[PDB]
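Structure, as structure tokens:
Every residue, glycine among them, receives a Cβ derived from its backbone with ideal geometry; neighbour counts consider all protein chains shown. Readers should treat all values here as calculations from the given coordinates under stated rules, not as data from a laboratory.
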Amino acid sequence: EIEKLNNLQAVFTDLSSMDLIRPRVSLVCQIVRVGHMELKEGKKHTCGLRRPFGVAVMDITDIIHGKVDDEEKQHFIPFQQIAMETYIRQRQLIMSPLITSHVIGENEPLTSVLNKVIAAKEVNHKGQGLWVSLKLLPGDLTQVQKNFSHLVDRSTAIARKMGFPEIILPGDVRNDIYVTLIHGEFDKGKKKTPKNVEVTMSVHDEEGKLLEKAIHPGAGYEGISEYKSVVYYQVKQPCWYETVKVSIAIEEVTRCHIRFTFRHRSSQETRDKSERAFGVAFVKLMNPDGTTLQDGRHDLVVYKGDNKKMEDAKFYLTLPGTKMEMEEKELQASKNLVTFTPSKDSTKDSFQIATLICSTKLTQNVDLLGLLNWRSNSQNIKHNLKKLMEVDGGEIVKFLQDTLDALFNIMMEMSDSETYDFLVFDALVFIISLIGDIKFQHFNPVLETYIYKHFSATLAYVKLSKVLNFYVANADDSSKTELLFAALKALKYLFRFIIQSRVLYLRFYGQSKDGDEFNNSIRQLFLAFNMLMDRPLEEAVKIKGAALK
């Protein structure tokens with residue numbers, strides 16, 4: 001890219017406070033050669049094949065620390081090539097040749113050379129490297145492009161962090177799905193020469209049509225229809241560890257899946273293009289529970305058989321894709337012997353991928369979704385509520401609005417179950433406690449936005465007052481101590497919601513008929529607090545402290 005030659009300016013965004021104070025950060029530049037399979041002259045070879053060449057690494061933690069910052073410094077990061085050690089030491093072996101092995105100078109995965117460079121602080125570059133001026137610019141992409149616009153114009157490349165910052169801004173709309181090709185064990189089949197498996201991933205829809213540009217190889221480069229993995233030479237289980245970026249329409253990702261067509265890229269072009277994907281794995285970006293694909297490792301399974309069945313969405317999508325999917329179908333078949341016939345096409349071949357979904361809207365939780373489906377999952381609402389608190393606030397904050405509305409709906413529809421009242425009470429206590437945390441304190445404006453604009457209850461406040469009055473009435477309960485104490489920790493917003501429900505009652509029924517009863521509840525709550533405090537201090541020293549707080 002001649003246009004990039006003077007515009008090869010990289011900026012990594014989202015680099016949070018804990019990122020800078022990380023003990024070790026290294027600037028790893030992976031150099032992958034693209035072209036022919038074998039570095040030989042004489043035979044025509046396929047173009048566009050990626051092969052491992054080398055990786056340049058420099059520990060830029062102190063640069064990220066900001067200890068030394070200077071544009072003039074053109075850091076020459078030494079380049080480490082893979083050990084192609086088969087041409088120098090062979091010329092001197094006399095009087096005792098007894099050796100049986102093969103030639104392996106490229107077959108090492110890039111993670112191997114990466115770990116070598118990480119361990120060995122010295123790199124024998126032999127005059128090969130790259131010049132860069134590394135400086136840390138405070139702030140995210142915006143103020144970097146505004147307080148350092150000269151260095152970082154809009155034409156400067158944009159790169160984001162593997163993770164999330166300490167301050168999740170409300171409306172951090174993103175769809176950064178980072179797919180890492182950890183490894184894949186693909187059998188050599190009837191070829192003694194190990195297959196040069198290339199993961200030409202293909203985002204097909206539920207109808208099987210390939211999605212274009214949904215796969216982005218990395219920052220500073222646009223999306224592509226299909227991403228081809230590095231074609232490892234005669235490696236039975238290639239280990240790529242190649243991260244690609246997937247940014248599909250966040251509302252289309254439910255109908256979108258990735259089809260992993262594994263093609264053996266032989267030493268010759270006619271063989272390569274005459275060889276189809278002997279095996280194909282895949283994953284669908286939604287879980288069966290209506291949630292998007294969970295963040296972490298997914299153990300794909302490479303199928304075998306009719307390639308027509310491999311490429312037709314109505315079959316391979318319906319067929320299980322991951323090893324967990326093998327287990328799911330097998331276990332559902334164990335109880336029900338109704339037309340569940342396992343296929344001998346299920347070879348031992350399998351694939352491994354990791355999905356770092358950096359997104360805001362995408363849902364990954366079971367009990368939270370069941371609570372979303374409360375109107376049809378009242379049976380699990382007991383368990384959905386019993387397990388919602390272990391759901392991290394990162395998931396809750398995604399649709400806190402619908403969560404709050406659903407809790408209030410549970411309250412109005414079937415308020416008879418005081419058990420669900422208690423569950424919703426404690427879950428809401430935890431909700432407000434986590435929103436008050438520094439992580440989610442900036443959603444508190446959005447929380448109050450919901451309260452003033454989207455709160456949807458008229459008498460739940462009555463039951464909240466009743467339950468909280470019970471909480472203060474049973475303050476001496478050790479099991480209540482943590483529950484009542486955490487309620488105390490956020491009583492301001494609990495009562496903001498209660499006031500919202502009361503005022504909705506007011507403006508929906510005109511006059512406060514139970515205004516006197518309401519105030520009586522308030523007063524009896526005060527005197528219950530009095531009963532709490534006049535109890536011996538030893539039981540609840542810290543609890544009366546938080547009460548005063």
Item to check | Cut-off 17 Å, label 7 Å out along Cα→Cβ of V446, residues of the stretch 397-421 by amide N | outcome: 397-406
Checklist entry - Taking +1 at the Cβ of each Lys and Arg and -1 at the Cβ of each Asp and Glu, which of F443, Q294, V424 sits farthest along the dipole of the chain towards its positive end, judged by Cα position relative to the Cα centre? => result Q294
Item to check | Cβ-Cβ FRET estimate between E38 and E330, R0 fixed at 51 Å, reported to 0.05 | outcome: 0.75
Checklist entry - Using the alpha-carbon centroid of each, what span in Å lies between the stretch 356-370 and the stretch 215-292? => result 23 Å
Checklist entry - So which of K228/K361; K191/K314; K492/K549; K191/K323; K304/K348 end up more than 19 Å apart by C-alpha? => result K228/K361; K191/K314; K191/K323
Item to check | Neighbourhood charge, 13 Å Cβ-Cβ cut-off, centred on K544 and excluding it, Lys, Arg +1 and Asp, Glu -1 | outcome: -1
Checklist entry - Summing -39500 (n - 2.57) over the DSSP H runs of n ≥ 4 in the chain and dividing by its residue number, what mean residue ellipticity at 222 nm do you reach, to the nearest 500 deg cm²/dmol? => result -10000 deg cm²/dmol
Item to check | Nearest-0.05 FRET efficiency for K209 and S149, computed from C-beta distance (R0 45 Å) | outcome: 0.60
Checklist outcome for this item: Of the listed links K43/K273; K213/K236; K126/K236, those spanning more than 24 angstrom between alpha carbons are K213/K236; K126/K236
Checklist entry - Taking 1 over the mean of 1/r across every pair of different Cα atoms in the stretch 187-305, what Kirkwood radius in Å do you get? => result 15.3 Å
Item to check | Overall Cα dimensions of the stretch 154-244 - principal axes, largest extent first, Å | outcome: 55, 32, 25
Checklist entry - For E390 and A249 in one chain, what is 0.36 nm times their gap in residues minus the Cα-Cα distance, to one decimal in nm? => result 47.8 nm
Next on the checklist: Given R₀ = 60 Å, what would the calculated FRET efficiency be for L506 paired with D62, taking r from the Cβ atoms and rounding to 0.05?
Outcome noted: 0.45
Checklist outcome for this item: When all Cα-Cα pair distances of the chain are considered, the percent exceeding 29 Å is 65 percent
Item to check | Karplus-derived HN-Hα couplings along the stretch 375-392 (A = 6.51, B = -1.76, C = 1.60, θ = phi - 60°), whole Hz, x at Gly and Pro | outcome: 5, 10, 10, 4, 4, 8, 3, 4, 6, 4, 6, 5, 10, 5, 5, 6, 5, 5
Checklist entry - Taking 0.36 nm per intervening residue step and subtracting the Cα-Cα distance, what contour gain separates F315 from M531 on full extension? => result 71.0 nm
Checklist entry - To the nearest 20 debye, what is the magnitude of the charge dipole of the chain about its Cα centre, counting +1 on the Cβ of each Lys and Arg and -1 on the Cβ of each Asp and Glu? => result 1560 debye
Next on the checklist: How many angstrom lie between the Cα centre of the stretch 309-343 and the Cα centre of the stretch 81-153?
Outcome noted: 43 Å
